[PDB]
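Shown below, as structure tokens, is a lone chain in the form deposited in one PDB entry; questions about how it binds or moves come after it.
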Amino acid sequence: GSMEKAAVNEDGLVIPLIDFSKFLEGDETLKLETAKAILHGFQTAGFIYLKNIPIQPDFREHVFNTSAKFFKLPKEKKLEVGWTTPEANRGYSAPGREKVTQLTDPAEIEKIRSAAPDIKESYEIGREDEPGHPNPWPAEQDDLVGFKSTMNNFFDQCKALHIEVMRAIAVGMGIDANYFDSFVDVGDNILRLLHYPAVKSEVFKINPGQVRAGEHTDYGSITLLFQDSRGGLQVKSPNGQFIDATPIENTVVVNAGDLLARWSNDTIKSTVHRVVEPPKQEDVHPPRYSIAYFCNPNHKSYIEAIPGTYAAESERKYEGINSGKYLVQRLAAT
């Protein structure tokens, strides 16, 4: 069985490149080999690249084109569909500078004044039919005609992909192939469109510590990350260094989130990542587009150790928790 050359192999960080069609269409031997490679990637790096996924390259290109049209909207039009609450987790956001006020404590005035917010904007789309949380869609006029149908379409295709990656994890684990289905069939996921504007390289010297997206771990089961060719995504190695996650054409970068890490009793890794300047020298960095589809267990799901991830009960690291409650706590914290 032929393994691909690793997508990343640096400083102890080995991110495998895996042909997903071999899980979806292989004979039983190839299917199991591929599933095990998928799992093993999650257990070690917490990240994998997938190629030959069921989402077609020209549709993905159309989705990026559609997202680029949204972000070209005037500022007033984007704020109209602004992010509201952690409970909804839907709409437009652009991080601003914190302000010094009467309430501010003198100890951190220096820090507030010197802080540099992430140079990015985002628009988040949840599933259409979640009770009490409608998506704030922009008006379908001119270039945004077709925006909703395209993004809903993409949402459902990523939703299907999530279900399939979890099946690969289950197969790799040697548990029931369909174990995760009833934990993820609702599709309580979040489609985050990202635009990192063109920025002069010097902004990064004027604001030291300035990034495009701050270091973090994702919250959910897995995240499907579709990046353009610009570069800048970095993943933390076992040795504590950020390593470039080079774009590879027509791949999806897939990482486990904090909930899956906990769910798996820490047999699966949720790995710190960030977006910085592209590794390339240049006076101006062009606009960078990515799309992060955050996958989650159903909000109603109760999360406790998956079978086969511990031997004795004393090996269980975590109390069971409700999935929905956990996520709102992560989203509301800041």
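Just so we're on the same page, rigid core means the largest C-alpha set that superposes within 1.5 Å between forms. Numbers follow the displayed sequence, beginning with 1. Residues that one form lacks are left out of the comparison.
K.L.:
Is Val253 one of the residues left unmodelled in a third or more of the other entries compared?
P.N.:
No, modelled in all of them.
K.L.:
Within the set of other compared PDB entries, does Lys72 lack a model in a third or more?
P.N.:
No, none of the compared structures omit it.
K.L.:
Mind pulling up the entry and telling me whether 66 to 74 or 40 to 48 has the higher mean Cα temperature factor?
P.N.:
The stretch with the larger average C-alpha B-factor is 66 to 74.
K.L.:
Of the two stretches 108 to 116 and 195 to 203, which shows the higher Cα B-factor on average in the entry?
P.N.:
Stretch with the higher mean C-alpha B-factor: 108 to 116.
K.L.:
Sort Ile321, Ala312, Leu17, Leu13 by C-alpha B-factor from the entry and give me just the highest.
P.N.:
Across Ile321, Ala312, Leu17, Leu13, the entry lists the biggest C-alpha B-factor for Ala312.
K.L.:
Using the entry's values, work out which of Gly96, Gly232, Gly257, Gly91 has the largest Cα B factor.
P.N.:
It is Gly96.
K.L.:
Please say which third, lowest, middle or highest, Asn239 falls into when its CA temperature factor is compared across its chain.
P.N.:
Middle third, going by the recorded CA B-factors of the chain.
K.L.:
Using only modelled residues of the chain, where does the Cα B factor of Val100 rank: lowest third, middle third or highest third?
P.N.:
Highest third, going by the recorded CA B-factors of the chain.
K.L.:
Among all modelled residues of this chain, ranked by Cα B factor, put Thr29 in the bottom, middle or top third, i.e. lowest, middle or highest.
P.N.:
As the PDB entry reports it, the C-alpha B-factor of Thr29 lands in the highest third of its chain.
K.L.:
Relative to the other modelled residues of the same chain, rank the CA B-factor of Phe147 and answer lowest, middle or highest third.
P.N.:
Highest third of the chain for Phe147's C-alpha B-factor.
K.L.:
By the recorded C-alpha temperature factor, relative to the other modelled residues in its chain, which third is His285 in?
P.N.:
Top third by C-alpha B-factor.
What follows is about the form deposited in another entry, which we do not show.
K.L.:
Hey, after the core superposition between the shown form and the other one, which of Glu87, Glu164, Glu128, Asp244 has the C-alpha moving 2 angstroms or more?
P.N.:
The answer here is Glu87.
K.L.:
Quick check on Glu202: with the core superposed, does its CA move 2 angstroms or more between the shown form and the other one?
P.N.:
After core superposition, the displacement of the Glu202 C-alpha between the shown form and the other one stays below 2 Å, so no.
K.L.:
If we fit on the core, is the Cα of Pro74 displaced 2 Å or more between the shown form and the other one?
P.N.:
It does not reach a 2 Å shift.
K.L.:
Is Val100 one of the residues whose C-alpha moves 2 Å or more between the shown form and the other one after the core fit?
P.N.:
Moves: yes, 2 Å or greater.
K.L.:
With the core fixed, which bits of the chain, 3+ residues long, show every Cα moving 2 Å or more between the shown form and the other one?
P.N.:
These are the shifted runs between the shown form and the other one: 83 to 88, 99 to 111.
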